[PDB]
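Next up, structure tokens for two forms of one chain, structure 1 and then structure 2.
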Structure 1
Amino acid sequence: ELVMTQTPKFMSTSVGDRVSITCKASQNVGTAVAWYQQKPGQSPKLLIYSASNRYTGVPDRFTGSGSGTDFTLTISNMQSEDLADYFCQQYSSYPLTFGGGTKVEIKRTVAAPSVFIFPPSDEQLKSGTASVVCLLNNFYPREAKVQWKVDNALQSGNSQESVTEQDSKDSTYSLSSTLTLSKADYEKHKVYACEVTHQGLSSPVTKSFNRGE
């Protein structure tokens, strides 16, 4: 199928800035490309079709351009109401395919996350599973790397991450990484550490505890 590669995945901006989003086609699609905007809990909304045709009702702020294999969606004089996801789509050939999307967010100064780690608590153990939680609080930008290490052993496939949307007041993010394992495994080891890497930190921050305090 024709693959539409969309960049950037994320883009932070300030009111009035110009936003530029790109979609590259694996093969020529002429000018059969559309651009859409999508906000949480809503269906996509058509912005541009035929690569540069602004759909009825769409603000002059939105301009589509390009042809062949290189397409651009430009949002001049960015407004707060433009904070949303944007997707391109080619309809030159079947199957129709969509770009991976770009989430336009609010720019602010870099802020390092405050890290905290939480033990499973005896109460949960009774369930048979142990949950270890790591918290990255109020950081920016969203890019963050969290690594779990049990007794200095890098974990894989047993953790899940959740991130909040930008705070309405300070525009930061918060993230939780939860390491799930059986009580058996949890009791087998002693050292539990959460190592965090973020643009705002001059070096990785590690928070840890030893089972049984």
Structure 2
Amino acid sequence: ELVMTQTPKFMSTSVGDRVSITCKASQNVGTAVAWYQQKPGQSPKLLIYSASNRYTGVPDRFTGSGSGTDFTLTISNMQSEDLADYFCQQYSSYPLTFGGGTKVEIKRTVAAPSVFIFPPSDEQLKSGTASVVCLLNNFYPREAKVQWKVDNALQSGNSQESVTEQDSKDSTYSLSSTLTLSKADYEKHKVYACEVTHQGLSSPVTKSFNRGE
């Protein structure tokens, strides 16, 4: 169980810049290290083997270094096609082991999210469940915090979120958070709010509605 600790887990860069990814082994693995690139829905592709030998067909912008326990994958003159996941692997000893991966995203100017809150539909309430949804639209960076509040009481554990991949045209992200409440709970309370914090917001933005009609 020779652990390969890979850092960072995520990182943002701009076209033309350099990227450095690190992998540290729990035991000396010599130079028996490989690096791979992987894009969503696809299998990994080999970039470097023997720690510094660039595989055929791979752009010279990719370079690997290291010997012993600390290895580095360096990407120079970053290009849009380099946006993907990268991971290391040691094959000095079995079982072979892999780094946890590093996702490389493209940087852009900070953009605050536009927030929208949606009450549950009357159609759904007939099912005994109430889904309240909060939308955070076209923001950057990806980091965002959504806090649900019912009658001003902080909700915990009853929400699930989903985030889109970086938009191809404007490089922003969007996220959806769904709060799941029983119909009885929803009917018992009045004020429903979604509080959002993000680098682009000077102060937290809260969207809210009161149950009624």
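Only the largest set of C-alpha atoms that superpose within 1.5 Å between the two forms is called the rigid core. Residue numbering: structure 1 sequence, from 1.
Treating the chain as two rigid bodies that shift between structure 1 and structure 2, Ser76 and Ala130 fall into separate rigid parts, each C-alpha being assigned to the part whose superposition fits it better.
Rigid-body analysis on C-alpha atoms gives a rotation of 14° for the smaller part relative to the larger between structure 1 and structure 2.
Here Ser14 exhibits a Cα shift of 1.4 Å between structure 1 and structure 2, evaluated on the superposed rigid core.
The rigid core superposition between structure 1 and structure 2 gives a CA shift for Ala25 of 4.6 Å. Relative displacement of the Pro141 Cα between structure 1 and structure 2 on rigid core alignment is 0.5 Å.
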